[PDB]
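Student: Would you mind keeping the following structure in view while I ask a few things?
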Amino acid sequence: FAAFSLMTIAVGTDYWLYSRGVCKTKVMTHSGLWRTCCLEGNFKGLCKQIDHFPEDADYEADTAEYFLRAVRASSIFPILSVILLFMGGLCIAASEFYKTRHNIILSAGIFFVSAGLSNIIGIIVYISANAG
Amino acid sequence: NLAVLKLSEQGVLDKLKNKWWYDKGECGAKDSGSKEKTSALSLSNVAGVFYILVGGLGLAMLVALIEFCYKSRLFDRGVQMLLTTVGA
Amino acid sequence: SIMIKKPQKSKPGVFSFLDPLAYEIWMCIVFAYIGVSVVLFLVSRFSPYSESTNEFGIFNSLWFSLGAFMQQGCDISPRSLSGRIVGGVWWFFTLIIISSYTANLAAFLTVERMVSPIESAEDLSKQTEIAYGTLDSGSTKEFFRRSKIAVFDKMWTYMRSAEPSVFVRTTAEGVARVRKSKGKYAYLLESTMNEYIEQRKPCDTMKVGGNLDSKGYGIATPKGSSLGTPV
Amino acid sequence: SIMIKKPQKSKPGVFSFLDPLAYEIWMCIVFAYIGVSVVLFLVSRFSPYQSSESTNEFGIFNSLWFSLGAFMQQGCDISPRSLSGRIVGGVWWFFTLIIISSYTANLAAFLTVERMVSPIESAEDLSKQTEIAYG
Amino acid sequence: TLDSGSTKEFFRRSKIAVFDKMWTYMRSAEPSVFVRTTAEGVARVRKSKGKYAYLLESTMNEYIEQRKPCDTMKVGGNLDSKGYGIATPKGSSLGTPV
Ligand SMILES: C[N+](C)(C)CCCCCNC[C@]12C[C@H]3C[C@H](C[C@H](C3)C1)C2
Ligand SMILES: N[C@@H](CCC(=O)O)C(=O)O
Ligand SMILES: N[C@@H](CCC(=O)O)C(=O)O
């Protein structure tokens, strides 16, 4: 329950990093997942929704700089941790009912393992495309 | 016709070309191409290693799951001779 | 001689051995350590069928992964197929990272010295970024006026074509101007002045390059008086 | 002369760790790995003369494990325990010294390179393709 | 250099000081550092074993490089910008059509 709470908080969050950027064009930045919100300026708390659009030399199918972005600005590996985590929480909740088959709670912990396996990948790709 | 050859003979053209192209090396690579920085390793360099690590974890776990699947429920010493003859 | 602002060099701190990686890598290797060992535990103790036959547990596995990571060997090996096929991955994982570690620590333990900018005044003739001047009513300023070496000629050209005045009125004026220009205004004076300014607090100045010529201080008398030969 | 834009500095990709050694050398590594493990399997389990066959513990899969263990600097628990498999194993040890010491010479230079891409040089794709204009 | 040669005359008339000292060393030579034909100096450098350098023009240099036995080598860069041309007597009618 604590892990599910902390992971859902960390997903539902605009405060992960702090850097110097802009708020809304066309500054110490209260930056998070997609809402690159900001503070300490002309206005404080206008959360621009960000995605990918560079102005490059037209990389055509540069996969390690394109598919990486596709996994970055659509969190699938971070969001799947919540899915597996509550999926295993349902099984540890369903331990009591339908019991005395000595098999079901083995299936539960696999979700808890694999969710952290998704989490570590999400952290790696987030730091990767921050410096990307 | 006689003056241009004097300039070419005395290198005045070389001096002017150096003045108006090479003494104004300003932007980037001409000045900073012969310097050195040591290192600092970032995570963007080493990412596929972690990728291989996590994928191998998943593969090994899948192997054990189908092992427990099979042992919950070569062959014919004999046809091994067939197998090795067709392999040869 | 040429005097500039000394760039502030960085000192190696206490934990100056964790340098050839970054802190992201240091936390990711901890995370992966935990994950690899717990996956090895999960694959080991899984009711194979008797049960206490295999030797692995959480604790054994925790220090097995560490003894595989740092090259110190082990006491036991995985014998099950999936345990071997997960241990080989960790074996491959260490051989990249610790090799990168040693090979880059070999790079950090060779050089610590700065790259030494605009030395020997030729780039002072070449670039347009950092300005420079002399003292007005000064023999050095007159020397660059009358000088005929072409690099000195171009330096005199840049000094006479100045926006604003690169020239100053007294020595301490140019001292403070270089102390506040942050590497954007060089300064020309004489070597004794230069080393005296170097040997004072706050030591924020620095002599670069070599010398340029051979001048000399003397005693000056009016022309024709009787003091000349006894002095 | 042909003027085009500046390109962007292509940082090295995912499978760049195996970069300092050429693919042919990796191929010969895999072949030698298989061959050494199989020959070491052949030396044992060769009717050793009630233990007349299980004198050693080297199965084909145990030898496959031992070779890979010896290659990457962590020796396994078992040892060849008899002659003539060991003048395989010592040669394999000499091999794994000389190879990976050559591997880890300048590895850090191979993970920060950032070379350029240069699409066209002697133009002629300005004849061939229709994409990039020129005037 | 080559005798009766434009390069030898160029080092005679040259006024850059490094070229002046080179001309000084060439005119103060024991024995003659000068040669009469091109292949003479080629063989002299092929037998001097790195004790006698040679000056010629870049096209000659790359042609000697692209032949057997390839024992020669061009070093450094160039020095100036000369040019081959067609030569006519002064005032004839062939000048402008050529
Ligand atoms: C497992 N055990 C206890 C049976 C053997 C001891 C481990 C061997 C430790 N050597 C690690 C290496 C050191 C240098 C020279 C080579 C290549 C690398 C640099 C890594 C080997
Ligand atoms: N000794 C010199 C100092 C100033 C300078 O070098 O220009 C003078 O009195 O002129
Ligand atoms: N083209 C030159 C060759 C000899 C030299 O360079 O001195 C000439 O005819 O004089």
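Just so you know, all these numbers are worked out from the coordinates, no wet-lab data involved. Note that we place each Cβ from the backbone using ideal geometry, even for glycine, and neighbour counts take in every protein chain shown.
Student: Quick query: amide H of E:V35 versus all other amide H atoms, modeled in the peptide plane; which residues come in under 5 Å with a sequence gap of 5 or more or a different chain?
Tutor: E:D3
Student: Same structure again: Binning at 10 Å from 0, report for the range C:1-152 what percent of all alpha-carbon pair distances ends up in each bin.
Tutor: With 10 Å bins starting at 0, P(r) equals 8, 24, 16, 13, 10, 10, 9, 6, 3, 1, 0.
Student: Here is a further query. Quick one: compute a quarter of the convex hull surface over the Cα atoms of the protein assembly as shown and quote it in nm².
Tutor: Its Cα hull, projected and averaged over all orientations, spans 60.6 nm².
Student: To the nearest whole percent, what portion of all C-alpha pairs in chain B is separated by more than 22 angstrom?
Tutor: Value for chain B (Cα pairs over 22 Å): 74 percent.
Student: Could you estimate the translational diffusion coefficient of chain A from the Stokes-Einstein equation, with Rh from the Kirkwood formula over C-alpha pairs, at 4 °C and 1.567 mPa s, in whole µm²/s?
Tutor: Details: Rh = 17.3 Å.
It diffuses with D of about 75 µm²/s by this estimate.
Student: I want the antiparallel fraction of DSSP beta bridges within chain C, as a percent rounded to 5.
Tutor: Of the beta bridges lying entirely in chain C, close to 60 percent run antiparallel.
Student: In addition: Can you work out the Karplus-derived ³J(HN,Hα) for every residue in the range B:59-66? Use 6.51 cos²θ - 1.76 cosθ + 1.60 with θ = phi - 60°, whole Hz, and x for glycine or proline.
Tutor: 5, 5, 5, 4, 4, 5, 5, 6
Student: Please report the spacing between the Cα centers of the range D:1-62 and the range B:14-34 in Å, no decimals.
Tutor: 50 Å
Student: With no solvent and one equal point scatterer placed on each C-alpha of the range D:33-104, evaluate the Debye formula and give log10 I(q)/I(0) for q = 0.21 Å⁻¹, two decimals.
Tutor: Normalising to I(0) and taking log10 leaves -0.87.
Student: Which whole-percent values make up P(r) of the range D:63-135 when all C-alpha to C-alpha distances are grouped in 5 Å steps starting at zero?
Tutor: 3, 11, 15, 12, 7, 7, 7, 6, 6, 6, 8, 6, 4, 2, 1, 0
Student: Across peptide C:92-98, what mean number of C-beta atoms from other chains lies inside 10 Å of a residue's C-beta?
Tutor: Numbers: counts 7, 5, 3, 9, 10, 5, 2.
Whole-number average of other-chain Cβ neighbours for C:92-98 is 6.
Student: Students often get this wrong, so check it: of E:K47/E:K68; C:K9/D:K11; B:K15/E:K15; C:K126/D:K5; C:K126/C:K154; C:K154/C:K180, which have C-alpha atoms separated by over 18 Å?
Tutor: C:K9/D:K11; C:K126/D:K5; C:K154/C:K180
Student: Peptide C:22-32: average number of partner chain Cβ atoms within 10 Å per residue?
Tutor: Across the residues of C:22-32, the mean count of other-chain Cβ atoms within 10 Å is 5.
Student: Quick one: which residues, 5+ away or cross-chain, put their amide H under 5 Å from the amide H of C:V168? H built at 1.01 Å from N.
Tutor: Answer set, sorted by chain and number: C:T134, C:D136.
Student: For the range C:110-183, what D do you get in µm² per second when you plug the Kirkwood radius from alpha-carbon pairs into Stokes-Einstein at 20 °C and 1.002 mPa s?
Tutor: 157 µm²/s
Student: Hey, how many Å between the Cα centroid of the range E:5-25 and the Cα centroid of the range A:21-72?
Tutor: 65 Å
Student: Would you list C:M206, C:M3, B:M81 from fewest to most Cβ contacts within 10 Å?
Tutor: Working: C:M206 15, C:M3 23, B:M81 10.
Result, fewest neighbours first: B:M81, C:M206, C:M3.
Student: Can you sort D:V38, C:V208 by how many other beta carbons sit within 10 Å, fewest first? Provide the component values of the computation, followed by the final result.
Tutor: Numbers: D:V38 13, C:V208 17.
In order of increasing Cβ crowding within 10 Å: D:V38, C:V208.
Student: For the protein assembly as shown, which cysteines have no disulfide-compatible partner, meaning no other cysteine Cβ under 4.7 Å?
Tutor: Lone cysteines by the Cβ rule: A:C91, B:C27, B:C69, C:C28, C:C74, C:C203, D:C28, D:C76, E:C70.
Student: State the number of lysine pairs found in chain A whose Cα atoms come within less than 30 Å, restricting to pairs 8 or more positions apart or on distinct chains.
Tutor: 4
Student: Shielding by partners for A:61-68, please: the mean number of other protein chain Cβ atoms within 10 Å of each residue's Cβ.
Tutor: Taking the mean over all residues of the peptide, I get 3.
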